[PDB]
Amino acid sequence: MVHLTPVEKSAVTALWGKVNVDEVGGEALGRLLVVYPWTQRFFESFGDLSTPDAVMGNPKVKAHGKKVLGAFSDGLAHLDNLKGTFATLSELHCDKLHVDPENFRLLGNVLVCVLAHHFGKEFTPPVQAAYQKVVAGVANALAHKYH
């Protein structure tokens, strides 16, 4: 949602094919942790998280990073329903984890800030708009069983 036009649907996968599904996940989450330091309370099991380079360097963040993109690519596959695709994940994050749904929005913004960091001017405003629709729908899906 809102919908993603066919051009938006075609511009997004194109870019998403150039992104290293094994390293950029920990890149997004890592900055969520450093940009928004309070989110570090959710990942206390991950050892050292006291400094920027440490958080970026912490291996578990990296490894957990991949699972994130996992879910996001997974959600890219079916814009049909992020709500259903993230039913399991919503319940995990919402009921069992107590993560405030605003942090969902933030990750989807850090992610978008991260895509922009890699791809420079290939990350055009219309490509950004399309991705904003994706990180919105995904953050909304995850926060569905708070509804």
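Just count from 1 along the sequence shown to find any residue number.
45 to 53 and 30 to 38 differ in mean CA B-factor, and the higher of the two is recorded for 45 to 53. For the two regions 95 to 103 and 60 to 68, the entry's Cα B-factors average higher over 60 to 68.
Sort the modelled residues of the chain by CA B factor and residue 116 lands in the lowest third.
When the modelled residues of the chain are ordered by their C-alpha B factor, residue 124 lands in the middle third. Placement of the Cα temperature factor of residue 19 within the chain: highest third of the modelled residues, per the deposited record. Ranked by Cα temperature factor within the chain, residue 79 sits in the highest third according to the deposited record.
Among the modelled residues of its chain, residue 88 has a C-alpha B-factor that falls in the highest third according to the deposited record.
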